[PDB]
């Protein structure tokens, strides 16, 4: 029972979506682990797993490498002078997390075709190895339709199942494009949730309630 969580790009609200799904799943009595093998941009304050523990109360938080530079992992590794983890290292970590009645989320860094492991292995390759489906995090902004469609093509090209879309940030008030994009994205795939703009600044209690309301309970329960 593994879902990778990937974005159409960087800064679409992916980590916060992982947290919101984790919270929703915890509230349906499901055990959650979140694995983020590679993390970059630590020295500017980024630790995505810690963000997920804080916001969602997840305790099973697995990772393998953290790079200080705010770059793609490969770039960050080349700059640090320290290789990336190995493909087998990543896959085995995720397989060991996997438990009955457990939702295991694997968060990429951040986009689908970013190299995560040696040599040139992507989150798509990992999804394939572990037979995971992919939840795609999207924006509601202009440009999202091309990015969503590009990602969904890349998924289907290697036969990784789409498990749906989440809009990482839903503006208030929406606007004509956001409003339109929401309908358009619902014609391309199932939108599992649209997280209210600003959800990242919520305390643990408000975040949990936002999460329980954001997802369809039956869908979430269904994952396991």
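Take the two forms, find the largest set of C-alpha atoms that superpose within 1.5 Å, and that set is the rigid core. Numbering follows the first chain given and starts at 1.
The rigid core fit leaves 110-118 as the farther-lying stretch in 9 other deposited structures of this protein, judged by Cα positions and set against 110-118 and 73-81.
The higher RMS C-alpha distance to the shown form in 9 other deposited structures of this protein, out of 39-47 and 182-190, belongs to 39-47, with every structure fitted on the core. When 146-154 is weighed against 81-89, 81-89 comes out higher, by mean CA B-factor as recorded in the entry. As recorded in the PDB entry, 41-49 is the stretch of 41-49 and 28-36 with the greater mean C-alpha temperature factor. Out of 198, 168, 164, 70, the entry records its largest CA B-factor for 70. Ranking 194, 190, 56, 179 by Cα temperature factor from the entry places 190 first. The PDB entry assigns residue 15 a C-alpha temperature factor belonging to the lowest third of its chain's modelled residues. Residue-level temperature factors show residue 119 in the highest third of its chain, judged at the C-alpha atom. Ranked by Cα temperature factor within the chain, residue 8 sits in the lowest third according to the deposited record.
Among all modelled residues in this chain, the alpha-carbon of residue 108 has a temperature factor (C-alpha) in the lowest third. Annotation for residue 97: CA B-factor lies in the highest third of the chain's modelled residues.
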